[PDB]
Amino acid sequence: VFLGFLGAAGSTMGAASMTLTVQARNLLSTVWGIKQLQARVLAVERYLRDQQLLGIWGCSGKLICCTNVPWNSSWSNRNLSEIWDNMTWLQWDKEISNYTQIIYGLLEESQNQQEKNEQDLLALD
Amino acid sequence: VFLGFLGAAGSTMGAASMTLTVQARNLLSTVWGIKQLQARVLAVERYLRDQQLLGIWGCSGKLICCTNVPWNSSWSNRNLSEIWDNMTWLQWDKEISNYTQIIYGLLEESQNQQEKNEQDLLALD
Amino acid sequence: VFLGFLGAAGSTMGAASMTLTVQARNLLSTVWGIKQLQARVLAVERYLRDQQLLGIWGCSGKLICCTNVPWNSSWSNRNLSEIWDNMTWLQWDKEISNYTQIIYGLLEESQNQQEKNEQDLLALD
Amino acid sequence: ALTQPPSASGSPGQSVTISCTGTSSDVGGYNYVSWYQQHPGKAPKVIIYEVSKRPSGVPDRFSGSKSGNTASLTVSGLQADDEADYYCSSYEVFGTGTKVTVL
Amino acid sequence: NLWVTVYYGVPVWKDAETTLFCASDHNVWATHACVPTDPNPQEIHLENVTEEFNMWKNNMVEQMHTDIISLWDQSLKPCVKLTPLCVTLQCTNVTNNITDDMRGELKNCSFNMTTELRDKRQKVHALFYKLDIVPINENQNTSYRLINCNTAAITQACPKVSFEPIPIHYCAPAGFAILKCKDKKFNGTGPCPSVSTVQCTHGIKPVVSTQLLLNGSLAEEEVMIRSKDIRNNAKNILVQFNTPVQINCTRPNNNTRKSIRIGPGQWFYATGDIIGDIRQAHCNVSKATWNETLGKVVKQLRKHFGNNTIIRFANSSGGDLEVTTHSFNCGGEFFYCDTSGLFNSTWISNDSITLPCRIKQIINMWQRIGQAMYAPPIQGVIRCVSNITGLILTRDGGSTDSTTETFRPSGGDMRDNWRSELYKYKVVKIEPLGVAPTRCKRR
Amino acid sequence: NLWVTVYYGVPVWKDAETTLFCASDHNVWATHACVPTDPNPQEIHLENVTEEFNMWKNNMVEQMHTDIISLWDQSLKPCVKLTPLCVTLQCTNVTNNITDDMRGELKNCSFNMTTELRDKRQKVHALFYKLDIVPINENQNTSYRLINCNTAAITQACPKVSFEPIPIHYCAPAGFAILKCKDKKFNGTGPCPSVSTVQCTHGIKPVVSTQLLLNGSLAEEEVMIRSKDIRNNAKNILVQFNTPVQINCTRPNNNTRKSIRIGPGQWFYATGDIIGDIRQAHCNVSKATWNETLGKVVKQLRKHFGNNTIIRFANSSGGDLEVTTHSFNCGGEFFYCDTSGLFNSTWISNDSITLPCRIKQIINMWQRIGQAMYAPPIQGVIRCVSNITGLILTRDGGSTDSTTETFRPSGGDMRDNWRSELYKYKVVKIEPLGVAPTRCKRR
Ligand SMILES: *[C@@H]1O[C@H](CO)[C@@H](O[C@@H]2O[C@H](CO)[C@@H](O[C@@H]3O[C@H](CO)[C@@H](O)[C@H](O[C@H]4O[C@H](CO)[C@@H](O)[C@H](O)[C@@H]4O)[C@@H]3O)[C@H](O)[C@H]2NC(C)=O)[C@H](O)[C@H]1NC(C)=O
Ligand SMILES: *[C@@H]1O[C@H](CO)[C@@H](O[C@@H]2O[C@H](CO)[C@@H](O[C@@H]3O[C@H](CO)[C@@H](O)[C@H](O[C@H]4O[C@H](CO)[C@@H](O)[C@H](O)[C@@H]4O)[C@@H]3O)[C@H](O)[C@H]2NC(C)=O)[C@H](O)[C@H]1NC(C)=O
Ligand SMILES: *[C@@H]1O[C@H](CO)[C@@H](O[C@@H]2O[C@H](CO)[C@@H](O)[C@H](O)[C@H]2NC(C)=O)[C@H](O)[C@H]1NC(C)=O
Ligand SMILES: *[C@@H]1O[C@H](CO)[C@@H](O[C@@H]2O[C@H](CO)[C@@H](O)[C@H](O)[C@H]2NC(C)=O)[C@H](O)[C@H]1NC(C)=O
Ligand SMILES: *[C@@H]1O[C@H](CO)[C@@H](O)[C@H](O)[C@H]1NC(C)=O
Ligand SMILES: *[C@@H]1O[C@H](CO)[C@@H](O)[C@H](O)[C@H]1NC(C)=O
Ligand SMILES: *[C@@H]1O[C@H](CO)[C@@H](O)[C@H](O)[C@H]1NC(C)=O
Ligand SMILES: *[C@@H]1O[C@H](CO)[C@@H](O)[C@H](O)[C@H]1NC(C)=O
Ligand SMILES: *[C@@H]1O[C@H](CO)[C@@H](O)[C@H](O)[C@H]1NC(C)=O
Ligand SMILES: *[C@@H]1O[C@H](CO)[C@@H](O)[C@H](O)[C@H]1NC(C)=O
Ligand SMILES: *[C@@H]1O[C@H](CO)[C@@H](O)[C@H](O)[C@H]1NC(C)=O
Ligand SMILES: *[C@@H]1O[C@H](CO)[C@@H](O)[C@H](O)[C@H]1NC(C)=O
Ligand SMILES: *[C@@H]1O[C@H](CO)[C@@H](O)[C@H](O)[C@H]1NC(C)=O
Ligand SMILES: *[C@@H]1O[C@H](CO)[C@@H](O)[C@H](O)[C@H]1NC(C)=O
Ligand SMILES: *[C@@H]1O[C@H](CO)[C@@H](O)[C@H](O)[C@H]1NC(C)=O
Ligand SMILES: *[C@@H]1O[C@H](CO)[C@@H](O)[C@H](O)[C@H]1NC(C)=O
Ligand SMILES: *[C@@H]1O[C@H](CO)[C@@H](O)[C@H](O)[C@H]1NC(C)=O
Ligand SMILES: *[C@@H]1O[C@H](CO)[C@@H](O)[C@H](O)[C@H]1NC(C)=O
Ligand SMILES: *[C@@H]1O[C@H](CO)[C@@H](O)[C@H](O)[C@H]1NC(C)=O
Ligand SMILES: *[C@@H]1O[C@H](CO)[C@@H](O)[C@H](O)[C@H]1NC(C)=O
Ligand SMILES: *[C@@H]1O[C@H](CO)[C@@H](O)[C@H](O)[C@H]1NC(C)=O
Ligand SMILES: *[C@@H]1O[C@H](CO)[C@@H](O)[C@H](O)[C@H]1NC(C)=O
Ligand SMILES: *[C@@H]1O[C@H](CO)[C@@H](O)[C@H](O)[C@H]1NC(C)=O
Ligand SMILES: *[C@@H]1O[C@H](CO)[C@@H](O)[C@H](O)[C@H]1NC(C)=O
Ligand SMILES: *[C@@H]1O[C@H](CO)[C@@H](O)[C@H](O)[C@H]1NC(C)=O
Ligand SMILES: *[C@@H]1O[C@H](CO)[C@@H](O)[C@H](O)[C@H]1NC(C)=O
Ligand SMILES: *[C@@H]1O[C@H](CO)[C@@H](O)[C@H](O)[C@H]1NC(C)=O
Ligand SMILES: *[C@@H]1O[C@H](CO)[C@@H](O)[C@H](O)[C@H]1NC(C)=O
Ligand SMILES: *[C@@H]1O[C@H](CO)[C@@H](O)[C@H](O)[C@H]1NC(C)=O
Ligand SMILES: *[C@@H]1O[C@H](CO)[C@@H](O)[C@H](O)[C@H]1NC(C)=O
Ligand SMILES: *[C@@H]1O[C@H](CO)[C@@H](O)[C@H](O)[C@H]1NC(C)=O
Ligand SMILES: *[C@@H]1O[C@H](CO)[C@@H](O)[C@H](O)[C@H]1NC(C)=O
Ligand SMILES: *[C@@H]1O[C@H](CO)[C@@H](O)[C@H](O)[C@H]1NC(C)=O
Ligand SMILES: *[C@@H]1O[C@H](CO)[C@@H](O)[C@H](O)[C@H]1NC(C)=O
Ligand SMILES: *[C@@H]1O[C@H](CO)[C@@H](O)[C@H](O)[C@H]1NC(C)=O
Ligand SMILES: *[C@@H]1O[C@H](CO)[C@@H](O)[C@H](O)[C@H]1NC(C)=O
């Protein structure tokens, strides 16, 4: 499982988006019998929290998920070639750390809950 | 995350159904280093059990999920206006505690497994 | 919950595929207060790992999941009647233990990631 | 090795500037230059640490900077409780000492 | 017509009992293990919610009781054991100038103590209080023993561990919530129409005392009288004040700490001597403030016992010293103060008070078996200022006069003290999953 | 135009601090609790990745320090306590043939020891080193005590627990990764353009020593000089060699282990006697190899202090014996070797060395309070061959001659030793979730 882990860390975002399963499979597994257990418990919570995010968004069970949130040029004005072909995910995460929680809120609030309510109303027509 | 938690506990079920993400995000996180760890483990199991229910039903990854189980007037004869507009979720849960496991069984047994088998058979046509 | 557990272990695979929820619901729950806690933690990890497999495949939230991996006669030349009507799951698992990781790799690599990328490209047409 | 003027002087209300000059080359060794104030009779107290940082509880009046070999303090807002001995330090070296006389 | 729709995230809860964890801003209550607190903790008001509360079945009190006892044992575990001190003591009366109040309360005892070398002994002398020393034999041999030597092993408290109560917060784990009743005239039990949800409780200082509640919470408007059954004289009445009464407790004696090496790395801390005169420890309360506070307590008791019933306060009828006196820990010293002048009044419907206090250095906290603690002396003079924020009273039963009610101080069960702070908090578990009819059908 | 697309599994990480667990292939470091290691552990090279590394803020060093101390305490907990040994000792000079080097270092002490029966005592005699025995009184009474009896309790190490360091590996839990800098000229701090991810660190032996780093890792090409601030004389300079220097340490005396029953099931292990002659323990290093190694160290120091500055090596200026000597554990015995001949040279820009070693049997590892360990004697003759792979040096400050720099051995803080192995490892946490613009829109 470990093999290939973080190998595309220095690759472009496009090239590094085809190895998502390699990172995904590496997120899940005498006081030293307690502390290690705590670490195991910690890993589970982190995994579940990320999965919870994917579930409050319409992204449950997916590694690549398309959404209805428009991109804002304030978050980033770079082209697609300057993000996917000429840029790595670490650089992108360093720039967009500043805006992550606005995008997360837009993902959580407007799009998924309005889409879910609209499916609730279309299903009773 | 905590902010707004249980705020719609006294609101109507309709008004309180638009804040589901607020409760959903608050379900997941020296003998005192063990007992607290047990509590953390306990929370995970509860979360997973509820998610497991949603998965055995056709509701995985959703906060609002529509099903094929007809409502039975024996469970409740109240109108929709007397449930969603003039009633809270605590009152509803107190009345329908008596019938919860019948609805859960109907959700688990007839609808999801028959739908899943019917998709298994439609996919081979 | 326990009632009916593994009851179809000796039944045919077809008959034993209609009781999947019974096994699914039984996977989730002083040094003896630590060891038992470790066991609980262990169960969670196993559950999550299996769920993770189902998520890296296109099978999240499903107990029966159809895929795009063709069956290979090298894995098994038996008919459908000799698998579903005249055979149990333990016998099938004993034969196909030898081939499980090839099927798992084909499930993980070609079909789901190519399908996910193709949906990523169809959604922008 | 950290020469300092023998004495400095100011008038109440105006500002004074003390300079510390280092014989050695720059060699990026001047990042950690601190200043001390020794009211006669007591033990020195720290007014500036790392060229232009202030210990919590030190008034904004004391403020130093640096230029190559040299590095200076600026006592802006000179009162009558500023008759002390001001010493520049780079690690273990101490300055030679400047007696700031109030006028 | 209508179909089952599943909702996840439903704001519904059930009564629950769980293990609440800790938040706090060389301490008895650990504090390092306890999680650090978070600034500006969120409080959310639940509008249109009426929730039933029972203080008298609140598992937060039982958990706090267990946690404080366990923390006390954990603090005592690594400290010096004083089992060698069970030797014959030769005790005489102190020869300094001693006030009549203290003539015979403090004894000068000499004994043969061990040293770092197992083949040597030292002749040493320590000052001991009379409430910690037992005559070995009825005859006047002047040979005495420590009070615990026959029944329990004694451990010295670590001098570096402060006995000052610090506020602690009890926090619910994920999936659970703490509900806080915000009604300001809440009698303890029943529906609460004004409810909020909190991450953690307020800062609760686990102050250990009897008969008077010290450094607690005040009632917002009026004195509150809370009892599980006000007609049952076997249950205690918790009185919560709306104004604190300041109590000033002092140990006037200047004290020294003498260190005796009893083992290779074990030190025993003796009183040694007193510099200056010897005077009795005592507590002062304002006479007028106490008298108005008792007037308010009587005014509130008449709401339960009648507008024309005589309310009498009298001293404790019996029990051990911890419950017949106002016991408390302040400054590191343990005071047992005589409250016979606080409760000495008849109230018909129509300066300062000085309470003498005795000191013990050998304490058996709670009522454990086979474990006592020696309290090392504190150097200097102890001056303590505390707020009296409530009372624990017991009503006299079996009365032969129905026109008068008599109330006496009680205590000794610390769950009644910590229930005076946790009375407004309830723990519930969240039930986020629910079903309801809608017109939406699954395709 | 562009829409938010969520990606899960993104190869992004953050700086983190977590609890790394253990992997290893009757041991002090437990080893049973530590997880078994996996053969052929995967190493993945991260290409086009430049990662900042700080050895001087690496939490792996603090975790290793805490873990080694805790493991030492856990190993000592179930072993025989020697508190009864704090008795008066009657010590005379050894009467065998003793070399002048050792005349007065070893004393023959007799004492009254306890037995399995509490009403009996035995007269026994044991050989003790002079660095473990203290005169009870200034007068010539010939009565002596163990060095620790006044300040700390002493516990005997279990003879069945070997003191040989074994390699251990620190492994990240799931969700975390260990990044390894593969640059072979890495000065410790700064960007590393050659990075790999590992499941666990290499095999690190937790060797406890001062002034010389033993059985460590070698520099790949050149001697490496690492310091948090090379201009700050209060910080230590870690020198990593590119070639090891072989050091041969011996305790020449043939030794016996005498077992004395001190309790119902408790044994005390005394030296007893020496068969044959008595000779001083010592370490030998090659003179030429050490001289070329010092030449290389000087060549590297001139890159920081100037091509024309004189580099002088001198012995330790002060501190306790653990830091003024090269202290180490080999064969089960604790050696304190005098390195005054290793650092005795002036280097201007233009056979074997024998280090005497003293032995102690009473060791206070690290600087804990109230806990010492008695090291039982090892039977036979101890012969030890180790690699010197580095130095811990301190530069003399306050110099009045700017043309000469003086370096002296230091140590005593084992975090500088274990930081010499963990310098290339960093712990990060994985951030698999991210967002990016694409042209794909949700239907
Ligand atoms: C109710 O609350 C009040 C107010 O908090 C509280 O009184 C306070 O008690 C503490 C502890 O007894 C006092 O703090 C001490 O003050 C003395 C004054 O000289 C100091 O010497 C003490 O420090 C020594 O002891 C410490 C250990 O106790 C050591 O850590 C320290 O190094 C010193 O050796 C210590 O600061 C505080 O002054 C009073 N406050 C007032 C206003 O009197 C009272 O005890 C609480 N009541 C109950 C029943 O708990
Ligand atoms: C640096 O590394 C070297 C090489 O690993 C290391 O030297 C080795 O030390 C060990 C332990 O001291 C030696 O192994 C011992 O050898 C003797 C020779 O007679 C044996 O008697 C020993 O066994 C007895 O003791 C054991 C407990 O220690 C018992 O388990 C056993 O039953 C016996 O009673 C033991 O095997 C080893 O020989 C040397 N190696 C060399 C090449 O000299 C050195 O110590 C390390 N340096 C440091 C500072 O740690
Ligand atoms: C308690 O008794 C001891 C003796 O048992 C007293 O110690 C002696 O005090 C006198 C005072 O004049 C000294 O001269 C002696 O040298 C002391 N003897 C020793 C052995 O120390 C002690 O003072 C008494 N203390 C009190 C408070 O009564
Ligand atoms: C240490 O001293 C003891 C006596 O305290 C010595 O033991 C005696 O050694 C002589 C040697 O001729 C024997 O005859 C005696 O029988 C021994 N006495 C006992 C009680 O055992 C011991 O040899 C001395 N050891 C050293 C190394 O000096
Ligand atoms: C690193 O960059 C080079 C171009 O400089 C590229 O060819 C190579 O594939 C990249 N490595 C990885 C792992 O993507
Ligand atoms: C983009 O962000 C800015 C603030 O940075 C905001 O004012 C603006 O409305 C946003 N645009 C869109 C289209 O959401
Ligand atoms: C977009 O592409 C052009 C192509 O010439 C490039 O020069 C430019 O820097 C890019 N713009 C942004 C905002 O990334
Ligand atoms: C966000 O703000 C921080 C400073 O608070 C800055 O470092 C970062 O680069 C900002 N974002 C962008 C896109 O520059
Ligand atoms: C409580 O009820 C009132 C009507 O009595 C309503 O206006 C208010 O919005 C309700 N509060 C909440 C939080 O829903
Ligand atoms: C409703 O419930 C009753 C029992 O309460 C049952 O007999 C009846 O058949 C149910 N109706 C439907 C339509 O399922
Ligand atoms: C349905 O609505 C009517 C409207 O008049 C109301 O009076 C009645 O109580 C409701 N019925 C039920 C069963 O809730
Ligand atoms: C279910 O039964 C209980 C008594 O067993 C009763 O309290 C509850 O109200 C019942 N359900 C309904 C809808 O009345
Ligand atoms: C066991 O096999 C028999 C036929 O031999 C069959 O009738 C029976 O149903 C099987 N049992 C189960 C549990 O499937
Ligand atoms: C089936 O498996 C064999 C190896 O066992 C392989 O060579 C062959 O290509 C596979 N066939 C298909 C259709 O994938
Ligand atoms: C398929 O079915 C036939 C029906 O006659 C049976 O005899 C045969 O064994 C089966 N073949 C395999 C490969 O299972
Ligand atoms: C797989 O190989 C094992 C022996 O390695 C064998 O027991 C097993 O039966 C093989 N698979 C099949 C389908 O025979
Ligand atoms: C000593 O004090 C006791 C009080 O415990 C007293 O009864 C006794 O008479 C005193 N004896 C004297 C002064 O001899
Ligand atoms: C102490 O021991 C001696 C004998 O060594 C004895 O005479 C004396 O009375 C003892 N002292 C006490 C206070 O018991
Ligand atoms: C609180 O009121 C309830 C009734 O709501 C009653 O049972 C209880 O005794 C009251 N408590 C007091 C102290 O009056
Ligand atoms: C107690 O006595 C000591 C003796 O040194 C003295 O310094 C101290 O001030 C005295 N304290 C009081 C409160 O009288
Ligand atoms: C208590 O009151 C008395 C009244 O005489 C006074 O002398 C004494 O000093 C007071 N004590 C304190 C501690 O304030
Ligand atoms: C208690 O002490 C305070 C000062 O700390 C003083 O103002 C107050 O009057 C005192 N109270 C009594 C009852 O003596
Ligand atoms: C106490 O207050 C009451 C009010 O009920 C009053 O009658 C009485 O005189 C007061 N006594 C004192 C001593 O202040
Ligand atoms: C209570 O007061 C009476 C006098 O009224 C007294 O005899 C008795 O000992 C006192 N009890 C206590 C416990 O102080
Ligand atoms: C109690 O009150 C009486 C008067 O009723 C008084 O004589 C007595 O001294 C008081 N007792 C105490 C202990 O204050
Ligand atoms: C006593 O109460 C007052 C008013 O509530 C408060 O300001 C003061 O801090 C309290 N004192 C103590 C010691 O807690
Ligand atoms: C014994 O050895 C000591 C060294 O510790 C020495 O000073 C002394 O002179 C010796 N005494 C003899 C041989 O009597
Ligand atoms: C051992 O005890 C005896 C008395 O039983 C004593 O004479 C002798 O000196 C003691 N020995 C030592 C070495 O202290
Ligand atoms: C490592 O180089 C950095 C600059 O990249 C510098 O701050 C640091 O002092 C250097 N360390 C040594 C030992 O030269
Ligand atoms: C040490 O002495 C013992 C005595 O039996 C002997 O067998 C052994 O060989 C000696 N060892 C050495 C290294 O001289
Ligand atoms: C160390 O060197 C000396 C040189 O005389 C030699 O005699 C001795 O045997 C050597 N020691 C070891 C342990 O090799
Ligand atoms: C150390 O011992 C080895 C054999 O183990 C030998 O080859 C080497 O020369 C010795 N080194 C010294 C410095 O004596
Ligand atoms: C040590 O090496 C240096 C090289 O700088 C050389 O000058 C010197 O002669 C050597 N000394 C010995 C003793 O080999
Ligand atoms: C260091 O060497 C000097 C002689 O140059 C000596 O006096 C001193 O004691 C030695 N120090 C140590 C710690 O060995
Ligand atoms: C140190 O070197 C000097 C010559 O500079 C020499 O005389 C002396 O013996 C040496 N000291 C040691 C301890 O090797
Ligand atoms: C010393 O280093 C050499 C070369 O790296 C190595 O082969 C040898 O095993 C090392 N010795 C020890 C005892 O670690």
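Chain letters run A, B, ... following the sequence lines, proteins first, then strands; residues in each count from 1. In each ligand, atom 1 is the first atom listed, and ligand 1 is the first ligand listed. Only heavy atoms go into these numbers, but all of them, side chains included; no hydrogens, no water, no symmetry mates.
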Sub-4.0 Å atoms of ligand 21 with respect to non-hydrogen atoms of E/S352: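 Counting from 1, the qualifying ligand atoms are 2 (O).
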Can you name the one residue among E/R383, E/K360, E/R358, E/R251 that meets salt bridge (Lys or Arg N to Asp or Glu O under 4.0 Å) with E/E333?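 When salt bridge (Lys or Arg N to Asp or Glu O under 4.0 Å) is applied between E/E333 and each of E/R383, E/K360, E/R358, E/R251, only E/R251 qualifies.
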With E/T243 via side chain to side chain contact (heavy atoms under 4.5 Å, CB included) - residues at least two apart: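 E/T243 satisfies side chain to side chain contact (heavy atoms under 4.5 Å, CB included) with E/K296 once adjacent residues are dropped.
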Proximal atoms of ligand 31 relative to F/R383 (non-hydrogen, under 4.0 Å):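 This gives 13 (C), 14 (O) as the contact atoms.
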Between E/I388 and E/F241, which heavy-atom pair has the shortest distance, and what is it?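 Nearest pair, atom of E/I388 first, then E/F241: O-CD1, 3.4 Å.
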For ligand 7, output the ligand-protein N/O contacts shorter than 3.5 angstrom; if there are none, return none.
from     : atom 1 : to    : atom 2 : distance (Å)
ligand 7 : 2 (O)  : A/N79 : ND2    : 2.3
ligand 7 : 11 (N) : A/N79 : OD1    : 3.4
ligand 7 : 11 (N) : A/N79 : ND2    : 3.1
ligand 7 : 14 (O) : A/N79 : N      : 3.4

I'd like to know whether the aromatic ring centres of A/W84 and A/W92 sit less than 6.0 Å apart in this structure.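 No, too far apart.
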Test item: E/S286 side-chain N/O and E/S352 main-chain N/O as donor-acceptor pair under 3.5 Å: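 Not at all, since once roles are kept as given, no pair shorter than 3.5 Å links the two residues.
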Is F/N248 close to ligand 31, meaning an N/O of one under 3.5 Å from an N/O of the other?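 F/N248 vs ligand 31: no N/O contact under 3.5 Å.
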Report yes or no: do F/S345 and F/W347 form a side-chain donor-acceptor pair below 3.5 Å?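 Present: a donor and an acceptor within the cut-off.
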When you check the gap from the basic side-chain N to the acidic O, do F/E164 and F/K205 get nearer than 4.0 Å?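 Not counted as a salt bridge, because no side-chain N and carboxylate O are separated by less than 4.0 Å.
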